[PDB]
file data.tsv (TSV, N, CA and C atoms)
chain	number	residue	atom	x	y	z
A	62	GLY	N	-8.11	27.51	-12.98
A	62	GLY	CA	-7.88	26.90	-11.69
A	62	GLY	C	-8.94	25.88	-11.33
A	63	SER	N	-9.39	25.90	-10.08
A	63	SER	CA	-10.41	24.97	-9.61
A	63	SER	C	-11.05	25.47	-8.32
A	64	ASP	N	-12.36	25.67	-8.36
A	64	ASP	CA	-13.10	26.14	-7.19
A	64	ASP	C	-12.75	25.32	-5.96
A	65	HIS	N	-12.90	24.00	-6.07
A	65	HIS	CA	-12.60	23.10	-4.96
A	65	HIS	C	-11.10	22.95	-4.77
A	66	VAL	N	-10.61	23.33	-3.60
A	66	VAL	CA	-9.19	23.24	-3.29
A	66	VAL	C	-8.94	22.35	-2.07
A	67	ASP	N	-9.69	21.25	-1.99
A	67	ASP	CA	-9.55	20.32	-0.88
A	67	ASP	C	-8.76	19.08	-1.30
A	68	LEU	N	-7.61	18.88	-0.67
A	68	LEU	CA	-6.76	17.74	-0.98
A	68	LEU	C	-7.13	16.53	-0.12
A	69	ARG	N	-8.43	16.32	0.05
A	69	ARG	CA	-8.92	15.20	0.85
A	69	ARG	C	-8.35	13.88	0.34
A	70	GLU	N	-7.79	13.09	1.26
A	70	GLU	CA	-7.21	11.80	0.90
A	70	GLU	C	-8.03	10.66	1.49
A	71	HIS	N	-7.93	9.49	0.86
A	71	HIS	CA	-8.66	8.31	1.32
A	71	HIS	C	-7.71	7.15	1.60
A	72	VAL	N	-8.11	6.28	2.51
A	72	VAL	CA	-7.29	5.12	2.87
A	72	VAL	C	-7.78	3.86	2.17
A	73	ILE	N	-6.85	2.97	1.84
A	73	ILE	CA	-7.19	1.73	1.17
A	73	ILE	C	-7.07	0.54	2.12
A	74	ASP	N	-8.09	-0.32	2.12
A	74	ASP	CA	-8.10	-1.49	2.98
A	74	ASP	C	-7.56	-2.71	2.24
A	75	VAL	N	-6.39	-3.19	2.66
A	75	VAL	CA	-5.76	-4.35	2.04
A	75	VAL	C	-5.62	-5.49	3.04
A	76	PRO	N	-6.10	-6.68	2.65
A	76	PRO	CA	-6.03	-7.88	3.49
A	76	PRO	C	-4.61	-8.40	3.65
A	77	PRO	N	-4.35	-9.07	4.78
A	77	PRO	CA	-3.02	-9.63	5.09
A	77	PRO	C	-2.68	-10.81	4.19
A	78	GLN	N	-1.40	-11.17	4.16
A	78	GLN	CA	-0.94	-12.29	3.34
A	78	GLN	C	0.19	-13.04	4.03
A	79	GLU	N	-0.02	-14.33	4.26
A	79	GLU	CA	0.99	-15.16	4.92
A	79	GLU	C	2.15	-15.45	3.97
A	80	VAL	N	3.29	-14.81	4.22
A	80	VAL	CA	4.48	-14.99	3.40
A	80	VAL	C	5.66	-15.45	4.24
A	81	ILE	N	6.41	-16.42	3.72
A	81	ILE	CA	7.57	-16.95	4.42
A	81	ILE	C	8.71	-15.94	4.42
A	82	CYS	N	8.97	-15.34	5.58
A	82	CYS	CA	10.04	-14.36	5.72
A	82	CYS	C	11.35	-14.91	5.19
A	83	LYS	N	12.42	-14.13	5.34
A	83	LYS	CA	13.74	-14.54	4.88
A	83	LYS	C	14.26	-15.73	5.69
A	84	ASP	N	14.09	-15.65	7.01
A	84	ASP	CA	14.54	-16.71	7.90
A	84	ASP	C	13.49	-17.82	8.00
A	85	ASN	N	12.80	-18.07	6.89
A	85	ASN	CA	11.77	-19.10	6.86
A	85	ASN	C	10.82	-18.97	8.05
A	86	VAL	N	10.33	-17.75	8.27
A	86	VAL	CA	9.42	-17.49	9.37
A	86	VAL	C	8.03	-17.11	8.86
A	87	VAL	N	7.05	-17.97	9.13
A	87	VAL	CA	5.68	-17.73	8.70
A	87	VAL	C	5.01	-16.68	9.57
A	88	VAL	N	4.63	-15.56	8.96
A	88	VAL	CA	3.97	-14.48	9.68
A	88	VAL	C	2.90	-13.82	8.82
A	89	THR	N	2.04	-13.03	9.46
A	89	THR	CA	0.97	-12.34	8.76
A	89	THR	C	1.20	-10.83	8.74
A	90	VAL	N	1.43	-10.29	7.55
A	90	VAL	CA	1.67	-8.86	7.39
A	90	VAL	C	0.39	-8.13	6.99
A	91	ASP	N	0.36	-6.83	7.23
A	91	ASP	CA	-0.80	-6.01	6.89
A	91	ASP	C	-0.49	-4.53	7.06
A	92	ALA	N	-0.94	-3.72	6.10
A	92	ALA	CA	-0.72	-2.28	6.14
A	92	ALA	C	-1.80	-1.53	5.37
A	93	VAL	N	-1.74	-0.21	5.42
A	93	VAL	CA	-2.72	0.62	4.73
A	93	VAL	C	-2.03	1.55	3.72
A	94	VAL	N	-2.81	2.04	2.76
A	94	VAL	CA	-2.28	2.93	1.73
A	94	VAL	C	-3.21	4.12	1.51
A	95	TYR	N	-2.62	5.31	1.41
A	95	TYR	CA	-3.40	6.53	1.20
A	95	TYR	C	-3.35	6.96	-0.26
A	96	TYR	N	-4.32	7.76	-0.67
A	96	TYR	CA	-4.38	8.25	-2.04
A	96	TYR	C	-5.37	9.41	-2.17
A	97	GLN	N	-5.27	10.14	-3.27
A	97	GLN	CA	-6.15	11.28	-3.51
A	97	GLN	C	-6.31	11.54	-5.00
A	98	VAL	N	-7.55	11.71	-5.44
A	98	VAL	CA	-7.84	11.97	-6.84
A	98	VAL	C	-7.42	13.38	-7.24
A	99	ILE	N	-6.23	13.50	-7.81
A	99	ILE	CA	-5.71	14.79	-8.24
A	99	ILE	C	-6.26	15.18	-9.61
A	100	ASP	N	-6.58	14.17	-10.41
A	100	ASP	CA	-7.12	14.40	-11.75
A	100	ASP	C	-8.45	13.68	-11.94
A	101	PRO	N	-9.55	14.41	-11.77
A	101	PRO	CA	-10.90	13.86	-11.91
A	101	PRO	C	-11.24	13.51	-13.36
A	102	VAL	N	-10.81	14.37	-14.28
A	102	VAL	CA	-11.07	14.15	-15.70
A	102	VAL	C	-10.48	12.83	-16.16
A	103	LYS	N	-9.55	12.29	-15.38
A	103	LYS	CA	-8.91	11.02	-15.71
A	103	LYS	C	-9.43	9.90	-14.81
A	104	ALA	N	-9.70	10.23	-13.55
A	104	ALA	CA	-10.21	9.25	-12.60
A	104	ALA	C	-11.74	9.25	-12.57
A	105	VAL	N	-12.35	9.34	-13.74
A	105	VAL	CA	-13.80	9.35	-13.85
A	105	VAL	C	-14.37	7.94	-13.70
A	106	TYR	N	-13.51	6.99	-13.36
A	106	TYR	CA	-13.93	5.61	-13.19
A	106	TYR	C	-14.44	5.36	-11.77
A	107	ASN	N	-15.03	6.40	-11.18
A	107	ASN	CA	-15.56	6.30	-9.82
A	107	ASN	C	-14.55	5.65	-8.89
A	108	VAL	N	-13.29	6.04	-9.03
A	108	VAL	CA	-12.22	5.49	-8.20
A	108	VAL	C	-12.57	4.09	-7.70
A	109	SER	N	-13.09	3.27	-8.61
A	109	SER	CA	-13.47	1.90	-8.26
A	109	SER	C	-12.36	0.92	-8.63
A	110	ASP	N	-11.94	0.97	-9.89
A	110	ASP	CA	-10.88	0.08	-10.38
A	110	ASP	C	-9.61	0.25	-9.54
A	111	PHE	N	-9.30	1.49	-9.19
A	111	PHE	CA	-8.11	1.78	-8.39
A	111	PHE	C	-8.19	1.09	-7.03
A	112	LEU	N	-9.39	1.05	-6.46
A	112	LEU	CA	-9.59	0.42	-5.16
A	112	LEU	C	-9.25	-1.06	-5.21
A	113	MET	N	-10.02	-1.82	-5.99
A	113	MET	CA	-9.79	-3.25	-6.12
A	113	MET	C	-8.40	-3.53	-6.69
A	114	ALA	N	-7.96	-2.68	-7.61
A	114	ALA	CA	-6.65	-2.84	-8.23
A	114	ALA	C	-5.54	-2.68	-7.20
A	115	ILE	N	-5.47	-1.51	-6.58
A	115	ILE	CA	-4.45	-1.24	-5.57
A	115	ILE	C	-4.25	-2.44	-4.65
A	116	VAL	N	-5.30	-2.79	-3.90
A	116	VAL	CA	-5.24	-3.92	-2.98
A	116	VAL	C	-4.58	-5.13	-3.64
A	117	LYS	N	-5.08	-5.51	-4.81
A	117	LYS	CA	-4.54	-6.65	-5.54
A	117	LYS	C	-3.05	-6.46	-5.81
A	118	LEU	N	-2.68	-5.27	-6.24
A	118	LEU	CA	-1.28	-4.96	-6.53
A	118	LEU	C	-0.42	-5.10	-5.28
A	119	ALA	N	-0.73	-4.30	-4.27
A	119	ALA	CA	0.01	-4.34	-3.01
A	119	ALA	C	0.40	-5.76	-2.65
A	120	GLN	N	-0.52	-6.70	-2.87
A	120	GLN	CA	-0.28	-8.10	-2.56
A	120	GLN	C	0.96	-8.61	-3.30
A	121	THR	N	1.04	-8.30	-4.58
A	121	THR	CA	2.17	-8.73	-5.40
A	121	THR	C	3.44	-7.98	-5.02
A	122	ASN	N	3.36	-6.65	-4.99
A	122	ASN	CA	4.50	-5.82	-4.64
A	122	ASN	C	5.06	-6.21	-3.27
A	123	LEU	N	4.23	-6.09	-2.24
A	123	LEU	CA	4.64	-6.43	-0.88
A	123	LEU	C	5.28	-7.81	-0.84
A	124	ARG	N	4.69	-8.75	-1.56
A	124	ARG	CA	5.21	-10.12	-1.60
A	124	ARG	C	6.70	-10.12	-1.92
A	125	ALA	N	7.12	-9.19	-2.77
A	125	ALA	CA	8.52	-9.09	-3.16
A	125	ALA	C	9.39	-8.70	-1.97
A	126	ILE	N	9.08	-7.56	-1.37
A	126	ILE	CA	9.84	-7.07	-0.22
A	126	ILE	C	9.50	-7.87	1.04
A	127	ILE	N	8.23	-7.85	1.43
A	127	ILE	CA	7.78	-8.57	2.61
A	127	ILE	C	8.30	-10.00	2.61
A	128	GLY	N	8.29	-10.63	1.44
A	128	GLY	CA	8.77	-12.00	1.32
A	128	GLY	C	10.13	-12.19	1.97
A	129	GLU	N	10.95	-11.15	1.93
A	129	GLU	CA	12.29	-11.21	2.51
A	129	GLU	C	12.46	-10.16	3.61
A	130	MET	N	12.62	-10.62	4.84
A	130	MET	CA	12.79	-9.72	5.98
A	130	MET	C	13.14	-10.50	7.24
A	131	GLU	N	13.25	-9.79	8.36
A	131	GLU	CA	13.57	-10.42	9.63
A	131	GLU	C	12.49	-10.13	10.67
A	132	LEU	N	12.03	-11.18	11.35
A	132	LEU	CA	11.00	-11.04	12.37
A	132	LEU	C	11.16	-9.72	13.12
A	133	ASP	N	12.40	-9.28	13.28
A	133	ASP	CA	12.68	-8.03	13.98
A	133	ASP	C	12.78	-6.87	13.00
A	134	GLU	N	13.68	-6.99	12.03
A	134	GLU	CA	13.88	-5.95	11.03
A	134	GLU	C	12.55	-5.52	10.42
A	135	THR	N	11.53	-6.36	10.58
A	135	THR	CA	10.21	-6.08	10.04
A	135	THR	C	9.61	-4.83	10.69
A	136	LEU	N	9.55	-4.84	12.02
A	136	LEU	CA	9.00	-3.71	12.77
A	136	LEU	C	9.91	-2.50	12.67
A	137	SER	N	11.22	-2.75	12.70
A	137	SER	CA	12.20	-1.67	12.62
A	137	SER	C	12.12	-0.96	11.27
A	138	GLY	N	12.14	-1.74	10.19
A	138	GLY	CA	12.06	-1.17	8.86
A	138	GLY	C	10.64	-0.91	8.42
A	139	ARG	N	10.00	0.09	9.02
A	139	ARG	CA	8.63	0.44	8.69
A	139	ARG	C	8.58	1.50	7.59
A	140	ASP	N	9.58	2.38	7.59
A	140	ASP	CA	9.65	3.44	6.59
A	140	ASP	C	9.99	2.87	5.22
A	141	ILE	N	10.89	1.90	5.19
A	141	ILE	CA	11.31	1.27	3.95
A	141	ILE	C	10.13	0.59	3.26
A	142	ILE	N	9.39	-0.21	4.02
A	142	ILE	CA	8.24	-0.92	3.48
A	142	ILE	C	7.23	0.05	2.88
A	143	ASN	N	6.89	1.09	3.64
A	143	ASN	CA	5.93	2.09	3.19
A	143	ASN	C	6.40	2.73	1.88
A	144	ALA	N	7.63	3.21	1.87
A	144	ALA	CA	8.20	3.84	0.68
A	144	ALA	C	8.03	2.95	-0.55
A	145	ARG	N	8.74	1.83	-0.56
A	145	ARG	CA	8.67	0.90	-1.68
A	145	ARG	C	7.26	0.85	-2.26
A	146	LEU	N	6.33	0.28	-1.50
A	146	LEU	CA	4.94	0.17	-1.93
A	146	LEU	C	4.44	1.50	-2.50
A	147	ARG	N	4.52	2.55	-1.69
A	147	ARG	CA	4.08	3.87	-2.11
A	147	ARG	C	4.50	4.15	-3.55
A	148	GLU	N	5.75	3.82	-3.87
A	148	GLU	CA	6.28	4.04	-5.21
A	148	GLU	C	5.68	3.05	-6.20
A	149	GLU	N	5.82	1.76	-5.90
A	149	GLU	CA	5.30	0.71	-6.76
A	149	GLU	C	3.86	1.01	-7.17
A	150	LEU	N	3.08	1.55	-6.23
A	150	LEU	CA	1.68	1.88	-6.50
A	150	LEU	C	1.56	3.28	-7.08
A	151	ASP	N	2.35	4.21	-6.55
A	151	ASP	CA	2.33	5.59	-7.02
A	151	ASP	C	2.66	5.66	-8.51
A	152	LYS	N	3.34	4.64	-9.01
A	152	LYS	CA	3.71	4.58	-10.42
A	152	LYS	C	2.57	4.00	-11.26
A	153	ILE	N	1.75	3.16	-10.64
A	153	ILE	CA	0.63	2.53	-11.33
A	153	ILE	C	-0.64	3.37	-11.18
A	154	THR	N	-0.58	4.37	-10.30
A	154	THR	CA	-1.72	5.24	-10.06
A	154	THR	C	-1.62	6.52	-10.89
A	155	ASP	N	-0.42	7.09	-10.93
A	155	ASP	CA	-0.19	8.32	-11.69
A	155	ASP	C	-0.97	8.30	-13.00
A	156	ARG	N	-1.11	7.11	-13.59
A	156	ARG	CA	-1.83	6.96	-14.85
A	156	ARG	C	-3.32	7.18	-14.65
A	157	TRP	N	-3.85	6.65	-13.55
A	157	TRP	CA	-5.27	6.79	-13.24
A	157	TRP	C	-5.55	8.13	-12.56
A	158	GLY	N	-4.73	9.12	-12.85
A	158	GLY	CA	-4.90	10.44	-12.25
A	158	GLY	C	-4.97	10.38	-10.74
A	159	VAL	N	-4.18	9.49	-10.14
A	159	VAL	CA	-4.16	9.34	-8.70
A	159	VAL	C	-2.74	9.11	-8.19
A	160	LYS	N	-2.45	9.65	-7.01
A	160	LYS	CA	-1.13	9.51	-6.41
A	160	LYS	C	-1.23	9.09	-4.95
A	161	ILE	N	-0.27	8.30	-4.49
A	161	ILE	CA	-0.26	7.84	-3.11
A	161	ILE	C	0.14	8.96	-2.15
A	162	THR	N	-0.85	9.68	-1.65
A	162	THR	CA	-0.61	10.78	-0.73
A	162	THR	C	0.38	10.38	0.36
A	163	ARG	N	0.19	9.19	0.92
A	163	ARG	CA	1.07	8.69	1.97
A	163	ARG	C	0.89	7.18	2.15
A	164	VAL	N	1.70	6.60	3.03
A	164	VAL	CA	1.64	5.17	3.29
A	164	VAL	C	1.84	4.87	4.77
A	165	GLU	N	1.05	3.95	5.31
A	165	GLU	CA	1.14	3.58	6.71
A	165	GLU	C	1.16	2.07	6.88
A	166	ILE	N	1.90	1.59	7.88
A	166	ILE	CA	2.00	0.16	8.14
A	166	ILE	C	1.29	-0.21	9.44
A	167	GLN	N	0.64	-1.37	9.44
A	167	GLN	CA	-0.07	-1.84	10.62
A	167	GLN	C	0.77	-2.85	11.40
A	168	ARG	N	0.42	-3.05	12.66
A	168	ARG	CA	1.14	-3.99	13.51
A	168	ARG	C	1.36	-5.32	12.80
A	169	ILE	N	2.47	-5.98	13.11
A	169	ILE	CA	2.79	-7.26	12.49
A	169	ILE	C	2.53	-8.42	13.45
A	170	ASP	N	2.33	-9.61	12.90
A	170	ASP	CA	2.07	-10.79	13.71
A	170	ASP	C	3.26	-11.75	13.65
A	171	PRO	N	3.87	-12.01	14.82
A	171	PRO	CA	5.02	-12.91	14.93
A	171	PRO	C	4.64	-14.37	14.70
A	172	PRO	N	5.65	-15.23	14.58
A	172	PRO	CA	5.45	-16.67	14.35
A	172	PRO	C	4.87	-17.37	15.58
A	173	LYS	N	3.85	-18.19	15.35
A	173	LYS	CA	3.20	-18.92	16.44
A	173	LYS	C	4.12	-20.01	16.98
A	174	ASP	N	3.78	-20.54	18.15
A	174	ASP	CA	4.58	-21.59	18.78
A	174	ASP	C	4.01	-22.96	18.44

call {"tool": "encode", "arguments": {"input": "data.tsv", "output": "structure tokens"}}
result
Amino acid sequence: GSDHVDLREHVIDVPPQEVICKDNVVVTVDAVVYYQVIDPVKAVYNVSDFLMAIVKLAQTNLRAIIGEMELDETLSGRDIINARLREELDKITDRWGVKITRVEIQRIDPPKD
């Protein structure tokens, strides 16, 4: 087994990215991602690469979905956005002995006048 039985999770800080929505609407998106080192023997890389990596990835992944949306459907579809990413990353983390415990989205910024 394992003496330590704490499923402590950590949050990832990812910078926003200006992407042209579906209706050609320029906006700034931003969200957070959770994770937890389930396999230390594998994540012996001081969970460093995963940090810089994740953020970098989210940018590409999100760009796919985020790239297409509706100024409104954006706030409404918060669960969908979280899921997608969570998976896209959860699949690239599983290898680094890490899994996306959860996913959260931050407030969105509408198009300026």

call {"tool": "select_by_dssp", "arguments": {"input": "data.tsv", "residues": "chain A", "states": "helix (DSSP H, G or I)", "output": "number ranges by chain"}}
result
A: 110-127, 134-137, 139-157

call {"tool": "atom_distance", "arguments": {"input": "data.tsv", "atom1": "atom CA of residue A:83", "atom2": "atom CA of residue A:162"}}
result
29.6 Å

call {"tool": "closest_residue", "arguments": {"input": "data.tsv", "among": "A:135, A:109, A:143, A:154", "to": "residue A:89", "atoms": "only C-alpha atoms"}}
result
A:135

call {"tool": "select_by_dssp", "arguments": {"input": "data.tsv", "residues": "chain A", "states": "strand (DSSP E)", "output": "list in words"}}
result
residues 71, 72, 73, 74, 78, 79, 80, 81, 87, 88, 89, 90, 92, 93, 94, 95, 96, 97, 98, 159, 160, 164, 165 and 166 of chain A

call {"tool": "closest_residue", "arguments": {"input": "data.tsv", "among": "A:72, A:90, A:122, A:157", "to": "residue A:105", "atoms": "only C-alpha atoms"}}
result
A:157

call {"tool": "atom_distance", "arguments": {"input": "data.tsv", "atom1": "atom CA of residue A:106", "atom2": "atom C of residue A:121"}}
result
23.5 Å

call {"tool": "atom_distance", "arguments": {"input": "data.tsv", "atom1": "atom CA of residue A:93", "atom2": "atom CA of residue A:79"}}
result
16.2 Å

call {"tool": "closest_residue", "arguments": {"input": "data.tsv", "among": "A:147, A:65, A:81, A:92", "to": "residue A:130", "atoms": "all atoms listed in the file"}}
result
A:81

call {"tool": "residues_around", "arguments": {"input": "data.tsv", "residues": "residue A:159", "least_positions_apart": "3", "cutoff": "7 Å", "atoms": "all atoms listed in the file", "output": "number ranges by chain"}}
result
A: 96-100, 104, 151, 153-156, 162

call {"tool": "closest_residue", "arguments": {"input": "data.tsv", "among": "A:117, A:137, A:163, A:125", "to": "residue A:70", "atoms": "only N, CA and C atoms"}}
result
A:163

call {"tool": "residues_around", "arguments": {"input": "data.tsv", "residues": "residue A:94", "least_positions_apart": "4", "cutoff": "6.5 Å", "atoms": "all atoms listed in the file", "output": "PDB file with N, CA and C atoms, in the frame of the given file"}}
result
ATOM      1  N   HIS A  71      -7.930   9.490   0.860  1.00  0.00           N
ATOM      2  CA  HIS A  71      -8.660   8.310   1.320  1.00  0.00           C
ATOM      3  C   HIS A  71      -7.710   7.150   1.600  1.00  0.00           C
ATOM      4  N   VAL A  72      -8.110   6.280   2.510  1.00  0.00           N
ATOM      5  CA  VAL A  72      -7.290   5.120   2.870  1.00  0.00           C
ATOM      6  C   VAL A  72      -7.780   3.860   2.170  1.00  0.00           C
ATOM      7  N   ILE A  73      -6.850   2.970   1.840  1.00  0.00           N
ATOM      8  CA  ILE A  73      -7.190   1.730   1.170  1.00  0.00           C
ATOM      9  C   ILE A  73      -7.070   0.540   2.120  1.00  0.00           C
ATOM     10  N   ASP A  74      -8.090  -0.320   2.120  1.00  0.00           N
ATOM     11  CA  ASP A  74      -8.100  -1.490   2.980  1.00  0.00           C
ATOM     12  C   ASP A  74      -7.560  -2.710   2.240  1.00  0.00           C
ATOM     13  N   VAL A  75      -6.390  -3.190   2.660  1.00  0.00           N
ATOM     14  CA  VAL A  75      -5.760  -4.350   2.040  1.00  0.00           C
ATOM     15  C   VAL A  75      -5.620  -5.490   3.040  1.00  0.00           C
ATOM     16  N   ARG A 163       0.190   9.190   0.920  1.00  0.00           N
ATOM     17  CA  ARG A 163       1.070   8.690   1.970  1.00  0.00           C
ATOM     18  C   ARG A 163       0.890   7.180   2.150  1.00  0.00           C
ATOM     19  N   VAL A 164       1.700   6.600   3.030  1.00  0.00           N
ATOM     20  CA  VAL A 164       1.640   5.170   3.290  1.00  0.00           C
ATOM     21  C   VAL A 164       1.840   4.870   4.770  1.00  0.00           C
ATOM     22  N   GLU A 165       1.050   3.950   5.310  1.00  0.00           N
ATOM     23  CA  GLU A 165       1.140   3.580   6.710  1.00  0.00           C
ATOM     24  C   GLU A 165       1.160   2.070   6.880  1.00  0.00           C
TER      25      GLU A 165
END

call {"tool": "closest_residue", "arguments": {"input": "data.tsv", "among": "A:141, A:102, A:132, A:150", "to": "residue A:119", "atoms": "all atoms listed in the file"}}
result
A:150

call {"tool": "closest_residue", "arguments": {"input": "data.tsv", "among": "A:64, A:84, A:168, A:158", "to": "residue A:107", "atoms": "only C-alpha atoms"}}
result
A:158

call {"tool": "build_atoms", "arguments": {"input": "data.tsv", "residues": "stretch 107-128 of chain A", "atoms": "N, CA, C and O atoms", "output": "short mmCIF file (atom, residue, chain, number, x, y, z; two decimals), in the coordinates of the input"}}
result
data_model
loop_
_atom_site.label_atom_id
_atom_site.label_comp_id
_atom_site.auth_asym_id
_atom_site.auth_seq_id
_atom_site.Cartn_x
_atom_site.Cartn_y
_atom_site.Cartn_z
N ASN A 107 -15.03 6.40 -11.18
CA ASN A 107 -15.56 6.30 -9.82
C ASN A 107 -14.55 5.65 -8.89
O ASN A 107 -14.90 4.81 -8.06
N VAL A 108 -13.29 6.04 -9.03
CA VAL A 108 -12.22 5.49 -8.20
C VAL A 108 -12.57 4.09 -7.70
O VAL A 108 -12.37 3.77 -6.53
N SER A 109 -13.09 3.27 -8.61
CA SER A 109 -13.47 1.90 -8.26
C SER A 109 -12.36 0.92 -8.63
O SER A 109 -11.90 0.14 -7.80
N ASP A 110 -11.94 0.97 -9.89
CA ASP A 110 -10.88 0.08 -10.38
C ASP A 110 -9.61 0.25 -9.54
O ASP A 110 -8.93 -0.73 -9.23
N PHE A 111 -9.30 1.49 -9.19
CA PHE A 111 -8.11 1.78 -8.39
C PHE A 111 -8.19 1.09 -7.03
O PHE A 111 -7.18 0.61 -6.51
N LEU A 112 -9.39 1.05 -6.46
CA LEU A 112 -9.59 0.42 -5.16
C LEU A 112 -9.25 -1.06 -5.21
O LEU A 112 -8.31 -1.51 -4.56
N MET A 113 -10.02 -1.82 -5.99
CA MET A 113 -9.79 -3.25 -6.12
C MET A 113 -8.40 -3.53 -6.69
O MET A 113 -7.74 -4.49 -6.30
N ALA A 114 -7.96 -2.68 -7.61
CA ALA A 114 -6.65 -2.84 -8.23
C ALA A 114 -5.54 -2.68 -7.20
O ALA A 114 -4.75 -3.61 -6.98
N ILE A 115 -5.47 -1.51 -6.58
CA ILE A 115 -4.45 -1.24 -5.57
C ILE A 115 -4.25 -2.44 -4.65
O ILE A 115 -3.18 -3.04 -4.62
N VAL A 116 -5.30 -2.79 -3.90
CA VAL A 116 -5.24 -3.92 -2.98
C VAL A 116 -4.58 -5.13 -3.64
O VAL A 116 -3.63 -5.70 -3.10
N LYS A 117 -5.08 -5.51 -4.81
CA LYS A 117 -4.54 -6.65 -5.54
C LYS A 117 -3.05 -6.46 -5.81
O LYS A 117 -2.26 -7.39 -5.62
N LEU A 118 -2.68 -5.27 -6.24
CA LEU A 118 -1.28 -4.96 -6.53
C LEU A 118 -0.42 -5.10 -5.28
O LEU A 118 0.50 -5.91 -5.24
N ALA A 119 -0.73 -4.30 -4.27
CA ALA A 119 0.01 -4.34 -3.01
C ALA A 119 0.40 -5.76 -2.65
O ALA A 119 1.51 -6.01 -2.17
N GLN A 120 -0.52 -6.70 -2.87
CA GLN A 120 -0.28 -8.10 -2.56
C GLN A 120 0.96 -8.61 -3.30
O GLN A 120 1.81 -9.28 -2.71
N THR A 121 1.04 -8.30 -4.58
CA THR A 121 2.17 -8.73 -5.40
C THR A 121 3.44 -7.98 -5.02
O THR A 121 4.48 -8.59 -4.76
N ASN A 122 3.36 -6.65 -4.99
CA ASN A 122 4.50 -5.82 -4.64
C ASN A 122 5.06 -6.21 -3.27
O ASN A 122 6.22 -6.61 -3.15
N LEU A 123 4.23 -6.09 -2.24
CA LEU A 123 4.64 -6.43 -0.88
C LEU A 123 5.28 -7.81 -0.84
O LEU A 123 6.29 -8.01 -0.16
N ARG A 124 4.69 -8.75 -1.56
CA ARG A 124 5.21 -10.12 -1.60
C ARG A 124 6.70 -10.12 -1.92
O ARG A 124 7.45 -10.95 -1.41
N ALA A 125 7.12 -9.19 -2.77
CA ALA A 125 8.52 -9.09 -3.16
C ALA A 125 9.39 -8.70 -1.97
O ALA A 125 10.33 -9.42 -1.61
N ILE A 126 9.08 -7.56 -1.37
CA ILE A 126 9.84 -7.07 -0.22
C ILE A 126 9.50 -7.87 1.04
O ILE A 126 10.38 -8.50 1.64
N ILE A 127 8.23 -7.85 1.43
CA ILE A 127 7.78 -8.57 2.61
C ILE A 127 8.30 -10.00 2.61
O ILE A 127 8.71 -10.53 3.64
N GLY A 128 8.29 -10.63 1.44
CA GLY A 128 8.77 -12.00 1.32
C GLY A 128 10.13 -12.19 1.97
O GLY A 128 10.43 -13.27 2.48
#
